[PDB]
């Protein structure tokens, strides 16, 4: 066991402003929610995924829990997202950057995507792979972003940038499509994961991939980068947990019902910074 130098920033929920119901109308239990987040923070603390967990101060909007939206880390680059859809979150991202700097992190973030005209990109649509990234193309991440990410990182000699075309109702790619261990592909069993898997296996047909089919809705957390086998799995998805352990991985159950109902994946609630 060795320390991966990965730092995870999260923001605790503001109890007073937790909505009573999620975007679809299902009931949300704020007492359960703050319970689950404290347990989630403690789970991140003792596992192989991250090294150090940093808690950030409360803000009066449940959107501020989506700390992953601010940036994505590709290699040693901390790539800022364009603010075209989230101008109202500038002051939040700001405050988050003070926590990053205070922990010994970067002084600034790379502004390539912010300096590129008409570039739309969502951090969840970028998924880190063995020697490259898979980027979803669809309702959040447009083709300029794919063009820009390729010139930023693609190396044909190798670092691949796979474009995976998404349907209009696809969630961010990383919510249902991920990597674990050395060569394990994690994907949801719905139209979105199955399409992404069909596309990715054609673009990379040379290294055979162990595809693990999770149940649709099974929130999971695993970022490739030591090939640790720890994968956070939403508590309640029994068969998914079986599928993950059937592939030599370590499924770690996390109670996530209330953040699930809020529309916030575990991935969205953790800002992982590859120091």
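Positions refer to the first chain, counted from 1.
Where residue 157 is followed by residue 158 in the displayed chain, the model omits 1 to 3 of the deposited residues that sit between the two. Going from residue 225 to residue 226, you skip over 1 to 3 residues of the deposited sequence that the entry leaves unmodelled.
Note on 227-235 vs 66-74: mean CA B-factor is higher in 227-235. Look at the mean CA B-factor for 86-94 and for 197-205 in the entry; the higher one is 86-94. When the C-alpha B-factors of 214, 32, 245, 55 are read from the PDB record, the largest value belongs to 245. When the C-alpha B-factors of 219, 46, 59, 38 are ranked from the entry, the top spot goes to 46. Sorting the modelled residues of the chain by their CA temperature factor places residue 253 in the lowest third. When the modelled residues of the chain are ordered by C-alpha B-factor, residue 124 sits in the lowest third. The deposited CA B-factor of residue 101 belongs to the highest third of values across its chain. The PDB entry assigns residue 109 a C-alpha temperature factor belonging to the highest third of its chain's modelled residues. In the deposited entry, the Cα temperature factor of residue 171 sits in the bottom third of values across the chain's modelled residues.
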